[PDB]
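Using ideal geometry, Cβ is built from the backbone for each residue, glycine included, and neighbour counts are taken over all protein chains shown. Only the coordinates and a few stated rules stand behind these numbers; no lab work does.
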Amino acid sequence: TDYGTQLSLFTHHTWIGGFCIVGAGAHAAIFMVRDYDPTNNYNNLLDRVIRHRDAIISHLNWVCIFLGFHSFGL
Amino acid sequence: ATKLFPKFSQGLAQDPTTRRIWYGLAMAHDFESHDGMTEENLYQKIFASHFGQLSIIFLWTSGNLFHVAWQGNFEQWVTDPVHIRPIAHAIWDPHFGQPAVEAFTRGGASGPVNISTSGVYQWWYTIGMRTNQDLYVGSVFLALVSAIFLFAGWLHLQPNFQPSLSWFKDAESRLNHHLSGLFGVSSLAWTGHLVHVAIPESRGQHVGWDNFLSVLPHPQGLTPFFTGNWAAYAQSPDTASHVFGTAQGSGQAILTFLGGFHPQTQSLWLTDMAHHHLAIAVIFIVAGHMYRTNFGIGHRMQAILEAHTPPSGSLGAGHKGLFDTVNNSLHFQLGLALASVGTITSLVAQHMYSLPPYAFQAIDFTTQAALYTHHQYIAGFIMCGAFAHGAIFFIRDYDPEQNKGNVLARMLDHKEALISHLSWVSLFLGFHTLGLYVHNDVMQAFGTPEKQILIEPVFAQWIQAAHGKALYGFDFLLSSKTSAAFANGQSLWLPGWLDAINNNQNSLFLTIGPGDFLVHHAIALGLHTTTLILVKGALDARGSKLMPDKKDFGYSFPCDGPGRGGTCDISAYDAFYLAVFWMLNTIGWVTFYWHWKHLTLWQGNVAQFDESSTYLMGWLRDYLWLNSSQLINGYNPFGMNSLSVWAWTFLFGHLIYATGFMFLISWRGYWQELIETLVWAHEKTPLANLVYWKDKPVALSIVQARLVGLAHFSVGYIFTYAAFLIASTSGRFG
Amino acid sequence: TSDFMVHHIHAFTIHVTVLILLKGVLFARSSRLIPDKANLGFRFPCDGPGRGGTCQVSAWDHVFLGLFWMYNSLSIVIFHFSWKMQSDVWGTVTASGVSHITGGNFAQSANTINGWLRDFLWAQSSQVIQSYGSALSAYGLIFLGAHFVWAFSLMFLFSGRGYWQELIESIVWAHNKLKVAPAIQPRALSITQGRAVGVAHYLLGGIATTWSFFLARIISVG
Amino acid sequence: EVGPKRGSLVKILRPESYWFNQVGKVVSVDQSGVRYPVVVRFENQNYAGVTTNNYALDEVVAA
Amino acid sequence: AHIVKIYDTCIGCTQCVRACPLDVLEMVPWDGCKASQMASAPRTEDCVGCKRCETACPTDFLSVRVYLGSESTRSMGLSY
Amino acid sequence: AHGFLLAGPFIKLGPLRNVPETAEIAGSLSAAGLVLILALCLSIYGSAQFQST
Amino acid sequence: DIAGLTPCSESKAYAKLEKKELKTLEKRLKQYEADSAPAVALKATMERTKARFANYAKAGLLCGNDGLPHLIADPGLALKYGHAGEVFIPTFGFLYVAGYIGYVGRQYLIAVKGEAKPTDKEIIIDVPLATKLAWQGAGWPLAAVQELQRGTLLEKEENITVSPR
Ligand code: CLA
Ligand code: CLA
Ligand code: CLA
Ligand code: CLA
Ligand code: CLA
Ligand code: CLA
Ligand code: CLA
Ligand code: CLA
Ligand SMILES: CC1=C(/C=C/C(C)=C/C=C/C(C)=C/C=C/C=C(C)/C=C/C=C(C)/C=C/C2=C(C)CCCC2(C)C)C(C)(C)CCC1
Ligand SMILES: CC1=C(C/C=C(\C)CCC[C@H](C)CCC[C@H](C)CCCC(C)C)C(=O)c2ccccc2C1=O
Ligand SMILES: CC1=C(C/C=C(\C)CCC[C@H](C)CCC[C@H](C)CCCC(C)C)C(=O)c2ccccc2C1=O
Ligand code: SF4
């Protein structure tokens, strides 16, 4: 029954979650750049993800556009 | 492949990308850099293009006349114009629903018409139209004239009538004809129309193409003109008990000098406008005989430029050798033309809100708002163009050895002083203006509104007392009854001006106070800043210290890469690119300010302005928030009314604007990689790898996306503000 | 139905942010555009204007654009929560049924953008704009400052460092005239730093605005 | 022979140089048929982070 | 194709060649500097204009320039 | 195939979908219009794609 | 008077605003006790408020139609009608202190350029030298006009100008 507390707590934790997830993206990228050595990592889940990144990103692009048109055009 | 489009640039019609389409649309009017372009060919293409532009202008005006005459109600509007609204044109949209058309049908019409917030009705009622038939005749005439200009434009390209190069670059013979003919004779003929038609239509008569040859404009007629009794054309002018479209209190004069306004119509008298066009017709025709043509007595412009170098050498060579750069270059002349036309446009706006010329203007308020806002924004764009072509002049057409020691090289010698001092004034105005506004905000937010700085603008009030506004208790030069100027002008042209300047209901010399102080400083900040960006872009176009051979790249080049710390946005094009934002901001300030001051004037409480204009929350709450109540209620789950289209345009603007941010914030290469994965996807998809691109898809280039983002920013900005202004002012008073 | 539509809005923005970040991760070492993007490192501005123009190809800039989209998605989420709660949950039990704070207008208005702009942003800002003189004016005064910082970010986002380098050079001349040349040298910000400062101010201004608005509203009427 | 001696302070006159109209210190003057024999150091750096440059005979002045 | 020009202030330090990711620069004998070398651009049809040659040049205002020009399918770096 | 599938959504979701017995007519006519425009697109694609070797 | 206003002493709007502020303040005051620190702070606010109104009435300020003070920025006008203490004296005060700060800074810069590493003494302040120069310039304008009249204030044209012209 303290409305301001409810709104503030939900909003605050929402924002902190968002920032942390973006940070996850950034440091995964930093591992991709610096500490990745392909000699110890030959045929592998990470290797195969890198090896069909084009299919991955193309389909993610498609579904983004589909949701865009429908969800906002409504 | 080596495709046809476009034929002007061979290197452009070579690459297998989609860059050729956009660039072919972009370099079409860059005549100076096509293939095989000589100089004669350049001038001839420019000439024919001018004819094209004239054709389009006259055709457009014919269109306005035709639609007003056919779908409007100009025949009914002239009986009572403080009443039934103007009608622009009628709508036939198959997308409408029942309450939509039931709503839009307004102004006495029979279908979906929309109101004409353009001021054409007042113009055509003042100049002497009265019925539809005259408007149709005008439309047919202007369409015919447009066809004539189009044909002439085709004519002067045909190889027997192509003017040679030296027919152009003839300064002295073009100015005599322009100044005498184009200005003077046109002004004299317009005086003819005012005297013969517009005045007797304002007395009550139908002087048409029939029987204008048999009607005396003045009941004496060309006797006093050839005797030298000219003041007999001014005896017994129109009484102040006048009714405009009838003969009630009608006078007989045709050339007076009264000043002031019309007492019943709130416009300038027609006789004063006749006299004015007559006088400046004489002045321009006399001024048209200055220069030399195939005769004796004329001047030479080169001699005049040569002899004006001051002794003691405070200027090096003075104006030596300028005449061979004004004459030889086009971007210089275009820069001067845009500068003059932009300043004159501003002057048009500034005089037409305060001294309204047209009958029953300033009782249609939406007309005032749209006209003034329109001309202000036009002036802004024109001035920005002037400085842009200054920069193009420096890069393409400047020659140092021809300009060794004139003022043009002096300006390049000490440019750091210019940029420094423009930077200084911009900083000073910024700090103090923003500081005073923030201080007033803090004082208003806490419970104490008397603890805030409210400087009284005593200079402009001194000037307003100098013009005759007898309210500030200064008593000098026109407000004092024993001055020389007051007593000399008293007998004929003052008493109208004093009654028009002491009225607190017209727009002439509004009462001012501290809010006006603060806003005028904000405006000065806008002008100095925009001048800083543009002048810096122009003068640093030959080269900088970050790059001392910028002249080898041309006007609009992307960057110089990551080296030397990276040089994004280094071209002069990008300097102008940054300046456009400031232009939009500054005109935003002047137009917000004008609009709110006149809203509080037309509603009735100037106190609300003089109190809430001194702190930014006053603007946000009392202008943007309060006045957008009837706008966004243009449609709701309960219904809709007239201003639904505006309430849709109002969101449309935002959408364009926000899309504008995308091309600005997110630069290119990301999109290049995304488009490449798209290429893979369409290449390997079964049943859709049967359709290919003919020209390979690529992302937009670095220079282009700046232009596109700026286009979205400007278009969304303009549509949003136009929607708010029209909807708010016409929702309250309309 | 309004819930259906807003939920798919949430799904849309989440997928877009996933697109940007995952694309940054996968194209961090190399791509068809740059075959040796690994040797340029994690944080680098470009690879010149060549091959069309290669601004923002590092994974770092993918993080940058991801920050913008995170802002967008979460703004929508918290707007959804605020209006849904004020329209369908909270309110007083006046022993005459339930009278909510905003009367229960979510199901009829959350399908038009005009609905959001009017009923949410324009209707619910009456307390944050009229808080002057009361014990709540700090919010109505930090509102405007948040706007100011938001609009201040745009200079850093839109423009570029060559222009500022030249302007700073001219002011350095104006100091060389008066013998106040700083012996450390004034240089404009690097490209990456200009972008980063831009996004910092952007997020600060936007989030501060939302903070002020929420707290003034719900502390005033809640 | 050909140039000013090392340790001396010179003043640059080549305009496109970043150190135009400023003061540098000479390191060595090449005696061969090189087109630019004078090696000048500077106490500050240009935009690229370099503090040393060659110059021609007539573009430096002993000052 | 772009325009790559080598100027005479070159000292022949081979930095531009090791920075070119497309092998359009090469060192030719020359008798104008201490190193007795000078860069040259015999293959500017393969250049894409990335401007790493400009970044690698030590001598102030540079001894190598890359003027941008009419793009082709090789100067855009298109792999598809 | 494509015409028969394209007719449907105009019938069920077009602006003439509640007025009985004429909701089918407007949908079918609009679908025929769309097919017409697709034919035009095919023709100009033929004019642009196979225009060379 | 001065551009159509009246001094705040007989200004009707002035007393109305004063009464309004006292009214809201007493309204806040009513619901507490007579010994509580809330009431202590509220009465302190009353005292400061009424003292502020008296101080603004005493200084001969000028109020428009809103009852708010207006400042006059004009040397002849303010010096003639007794208003030198609202723009004129403040501007000379500010110019004094601002030129003081600038002059002290400039003297520091010249004082540290003459060393072996000018950058270290810029990043790490020489505190004895900085305090010394912080005192030594309380009379700056005299030293400023001397540096001007001797021609050492301005560098000559050995400044680096952009190349080319
Ligand atoms: C557990 C959390 C965590 C940890 C340990 C790290 C740790 C690191 N990150 Mg990282 N990051 C995180 C979360 C985290 N991050 C999140 C949530 C994001 C998304 C925003 C990022 C985004 C990110 C990027 C994009 C980069 C890093 C980088 C780095 C490395 C260098 C950091 C550095 O030098 O900062 C120095 C400290 C600062 C710059 C402080 C400035 C921060 C801002 C400007 C202040 C915030 C303003 C404040 C809230 C309000 C202002 C108050 C008042 C002044 C007005 C380091 C390993 C960098 C790298 O290269 O790694 C090798 C890099 O490029 N991170
Ligand atoms: C409101 C402004 C705006 C809009 C509309 C978009 C739109 C888009 N951005 Mg975006 N962006 C913006 C601002 C905006 N951005 C800003 C400010 C930034 C900086 C941070 C970015 C950064 C950014 C990145 C980094 C990415 C996007 C992506 C996208 C795309 C997502 C797919 C989608 O929804 O398309 C659908 C299109 C719409 C929803 C637009 C409205 C369409 C209407 C409703 C219907 C269209 C039919 C039309 C009326 C018919 C035309 C008729 C006419 C010819 C007569 C889309 C094109 C992503 C992308 O492309 O991958 C998917 C992506 O990677 N943008
Ligand atoms: C008397 C003879 C004469 C006349 C009438 C003209 C007239 C014209 N010449 Mg021209 N010309 C002449 C002799 C003449 N010239 C000679 C002898 C030469 C050889 C030296 C040239 C060489 C020449 C060239 C090379 C070019 C022209 C061009 C033009 C046109 C200018 C564009 C325009 O419409 O401006 C209209 C301008 C005005 C009406 C005056 C504006 C005055 C102020 C600024 C406006 C405000 C007044 C008022 C408030 C407006 C009322 C608004 C109303 C709606 C309420 C114009 C038709 C140009 C052109 O368009 O080519 C087709 C062009 O390129 N001429
Ligand atoms: C007297 C008028 C005039 C004339 C004759 C010229 C003539 C010229 N200008 Mg210029 N200019 C003008 C006014 C003028 N300008 C003004 C007012 C500005 C300020 C905005 C500029 C700014 C400007 C720049 C910055 C540049 C020029 C350039 C040029 C040259 C090439 C033009 C070209 O290729 O464009 C081709 C034209 C187009 C591709 C049209 C683009 C369409 C624009 C973006 C408007 C789109 C808005 C859209 C219609 C809105 C629709 C709304 C929707 C809802 C319906 C040419 C000599 C260029 C030049 O010399 O290159 C070196 C150049 O760089 N001018
Ligand atoms: C909110 C938006 C905003 C603001 C405030 C400014 C402000 C400024 N711009 Mg502009 N600009 C903007 C948007 C904005 N711009 C946008 C969107 C663009 C398009 C890219 C540009 C493009 C642009 C260009 C191209 C140029 C400017 C210039 C300027 C300066 C003009 C001089 C002036 O007014 O000094 C007043 C300065 C201020 C009000 C700055 C605020 C200083 C604050 C009040 C002090 C700090 C307070 C406090 C200590 C902070 C504590 C926090 C702590 C954590 C540090 C000034 C810094 C010009 C310039 O620099 O000329 C000299 C210039 O060349 N701007
Ligand atoms: C993108 C979102 C979106 C959606 C879903 C709709 C949907 C609709 N609009 Mg609409 N509209 C939108 C955006 C949208 N609008 C926007 C942005 C605008 C403003 C520009 C409008 C403006 C507008 C107007 C002005 C009108 C509509 C109307 C309509 C209705 C009929 C349209 C019609 O005949 O469709 C034609 C149908 C098709 C093209 C069907 C194609 C889709 C097929 C079925 C996809 C199948 C994919 C399948 C799963 C693939 C499987 C492959 C497998 C077999 C191998 C329909 C409910 C009309 C109406 O009366 O509404 C009731 C109407 O008058 N709209
Ligand atoms: C100024 C341009 C313009 C015009 C005149 C129209 C006109 C129309 N639009 Mg439209 N529209 C436009 C631009 C325009 N649009 C744009 C730019 C967009 C995108 C934003 C749309 C999007 C849009 C949608 C989404 C829809 C319309 C629809 C309609 C129709 C509504 C009338 C009605 O109530 O349905 C009555 C409709 C009919 C009676 C059907 C007539 C079908 C055509 C006209 C006849 C074809 C004849 C036949 C095929 C020829 C035989 C060929 C032979 C080989 C057999 C009408 C024909 C609606 C529509 O027609 O779709 C169902 C609709 O749903 N519009
Ligand atoms: C920023 C420019 C500026 C402007 C617009 C004004 C405006 C004004 N000053 Mg003023 N003034 C200024 C700067 C300015 N001051 C400065 C910097 C000084 C200090 C040197 C003065 C010193 C001053 C005195 C001593 C007097 C005024 C007076 C006046 C008023 C009438 C005289 C006038 O306008 O002369 C035109 C002003 C200028 C062109 C600007 C240059 C400033 C000169 C030096 C002031 C001229 C004073 C004038 C000759 C006195 C006329 C006496 C009057 C009875 C006719 C008028 C309100 C008179 C007054 O009280 O009016 C009632 C008066 O007696 N001023
Ligand atoms: C960049 C460039 C350029 C351009 C520039 C510009 C754009 C400029 C502008 C300018 C301007 C835009 C200016 C303005 C001016 C104005 C003025 C100068 C004004 C004056 C006024 C007066 C003088 C007035 C007076 C009076 C009064 C006060 C009131 C009463 C009446 C009388 C008349 C007495 C060019 C092309 C050249 C080329 C080079 C480069
Ligand atoms: C979206 C985007 C792209 C991708 C844009 C593409 C691929 C083009 C999108 C346009 C589509 C193909 C058509 C748009 C529809 C318009 C109505 C077309 C108008 C054409 C005129 C001739 C009327 C960039 O290449 C880019 C480059 C640099 C900075 C920012 C951006 C950027 O934001
Ligand atoms: C304004 C601007 C600059 C110029 C901004 C600069 C130089 C930052 C200046 C910050 C402060 C004012 C300088 C540091 C002040 C020192 C700490 C001096 C002490 C001051 C005392 C008051 C503490 C860029 O360098 C830039 C680069 C890339 C894209 C956009 C931009 C950009 O928009
Ligand atoms: S514009 Fe792009 S390519 Fe050029 S320097 Fe800037 S980031 Fe790099």
## Note on the structure
Residue span B:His178 to B:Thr131: 0.36 nm per residue of separation minus Cα-Cα distance leaves a gain in nm of 13.5 nm
### Message
How far apart, in nanometres, would the label points at F:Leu40 and G:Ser36 be if each is projected 7 angstrom from Cα along the Cα-to-Cβ direction?
### Response
7.9
### Task
Could you grab the relative contact order for region C:1-146? Cα pairs under 8 Å, six or more apart, rounded to a whole percent.
19
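Using Cα pairs closer than 8 Å and at least 6 residues apart in sequence, work out the relative contact order for chain D, in percent.
Relative contact order of chain D: 35 percent.
Using mean Cβ contacts within 10 Å as the protection proxy, how do C:105-113, C:81-89, B:308-316 order, highest first? Kindly include the intermediate steps, with their values, before the conclusion.
Numbers: C:105-113: 17.1, C:81-89: 18.9, B:308-316: 10.7.
With the highest mean Cβ count within 10 Å placed first, the list reads C:81-89, C:105-113, B:308-316.
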### Task
Give the distance, in whole Å, between the Cα centre of region B:275-339 and the Cα centre of region B:445-524.
38
## Note on the structure
Rounded to a whole number, the mean other protein chain Cβ count within 10 angstrom for residues of A:62-72 is 5
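Using a/c under 1.5 as the rounded threshold, could you call chain B rounded, prolate or oblate? The axes a ≥ b ≥ c are square roots of the C-alpha gyration tensor eigenvalues, and prolate needs a/b larger than b/c, oblate otherwise.
Numbers: a/c = 1.36, a/b = 1.24, b/c = 1.10.
Rounded is the answer for chain B, as its axis ratio a/c remains below 1.5.
How many Cβ atoms of partner chains, on average, are near each residue of D:11-20 if near means within 10 Å of its Cβ?
Working: counts 1, 1, 0, 4, 8, 11, 6, 8, 2, 7.
That works out to 5 on average.
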### Query
So, in Å, what gap is there between the alpha-carbon centers of region D:15-47 and chain A?
53
### Message
Give the average, rounded to an integer, of partner chain Cβ atoms located within 10 angstrom of each Cβ in C:55-68.
### Response
6
### Task
Measure off 7 Å from each Cα along the Cα-to-Cβ vector at B:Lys551 and B:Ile463, then give the distance between these two points in nanometres to one decimal.
4.1
### Task
Residues in region E:39-80, backbone N under 19 Å from the label point at E:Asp8 (7 Å along the Cα-to-beta-carbon vector): list them, ranges by number please.
E:39-41, E:59-65
## Note on the structure
In debye to the nearest 20, the charge dipole size for chain E, taken about the Cα centre with +1 at each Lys and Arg Cβ and -1 at each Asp and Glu Cβ, equals 120
#### Entry: Residues whose placed amide H lies under 5 Å from that of B:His299, excluding near-sequence neighbours
B:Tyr291, B:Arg292
### region B:587-600 - phi-based ³J(HN,Hα) in whole Hz, Karplus 6.51/-1.76/1.60, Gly and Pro as x
5, x, 5, 5, 7, 3, 5, 4, 4, 6, 5, 6, 5, 5
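What FRET efficiency comes out for B:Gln158 versus B:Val715 if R0 is 30 angstrom and r is the Cβ-Cβ distance? Round to the nearest 0.05.
Details: r = 39 Å, r/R0 = 1.31.
Given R0 = 30 Å and the Cβ-Cβ separation, E is 0.15.
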### Message
Quick test of your reading: applying the under-4.7 Å Cβ rule, which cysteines of chain E are isolated?
### Response
E:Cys10, E:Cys13, E:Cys20, E:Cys33, E:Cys47, E:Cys50, E:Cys57
### FRET efficiency, G:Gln149 to G:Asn55 (Cβ-Cβ, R0 45 Å, nearest 0.05)
0.55
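Restricting to chain B, what percent of DSSP beta bridges are antiparallel, rounded to 5? Don't jump to the answer; show the numbers that get you there.
Numbers: 6 of 9 bridges.
Taking every DSSP beta bridge within chain B, about 65 percent pair in antiparallel fashion.
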### Query
Just the Cα atoms of region B:143-264, one point each, no solvent: what log10 I(q)/I(0) does Debye give at q = 0.12, 0.17 Å⁻¹?
-0.70, -1.00
### Summary
A correct Karplus calculation of ³J(HN,Hα) over region C:105-115, with 6.51 cos²θ - 1.76 cosθ + 1.60, θ = phi - 60°, whole Hz and x for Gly and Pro, returns 10, 6, 6, 9, 10, 8, 10, 10, 4, 4, x
### Query
Please state the relative contact order of chain B as a whole percent: Cα pairs under 8 Å, 6+ residues apart?
11
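I need the peptides B:287-294, B:669-676 ranked by packing, meaning the mean over residues of other C-beta atoms within 10 angstrom, with the highest value on top. Walk me through the intermediate numbers first.
On the way: B:287-294: 14.8, B:669-676: 20.9.
With the highest mean Cβ count within 10 Å placed first, the list reads B:669-676, B:287-294.
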### Message
Using only the Cα atoms of region B:527-672, what are the Rg and Dmax in Å?
### Response
22.1, 65
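Between B:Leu687 and G:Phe94, what is the FRET efficiency for a Förster distance of 56 Å, r being their Cβ-Cβ separation, to the nearest 0.05? Intermediate values should be presented prior to the final figure.
Numbers: r = 77 Å, r/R0 = 1.38.
Given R0 = 56 Å and the Cβ-Cβ separation, E is 0.15.
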### Summary
Computed ³J(HN,Hα) along region C:88-104: with the Karplus parameters 6.51/-1.76/1.60, θ = phi - 60°, integer Hz and x for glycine or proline, the list is 10, 10, 6, x, 9, 8, 8, 6, 9, x, 10, 10, 6, 5, 10, x, x
#### Entry: By average C-beta atoms within 10 angstrom, highest first, the peptides G:71-78, B:482-489, B:188-195
B:188-195, G:71-78, B:482-489
### Summary
Any residue on another chain or 5+ positions along whose placed amide H is under 5 Å from the amide H of D:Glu59 is listed here as none
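Placing unit charges on C-beta atoms (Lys and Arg positive, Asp and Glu negative, everything else neutral), compute the dipole magnitude of the protein assembly as shown about its Cα centre in debye, rounded to 20. Mind showing how you got there, number by number?
Numbers: 92 positive and 93 negative charges, 383 e Å.
The dipole magnitude comes to about 1840 debye.
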### Query
If you find the alpha carbon centre of region B:133-195 and of region B:1-67, how far apart are they in angstrom?
23
### Message
In chain E, if the dipole is taken from +1 on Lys/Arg beta carbons and -1 on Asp/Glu beta carbons about the Cα centre, which of E:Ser72, E:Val4, E:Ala56 is farthest to the positive end?
### Response
E:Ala56
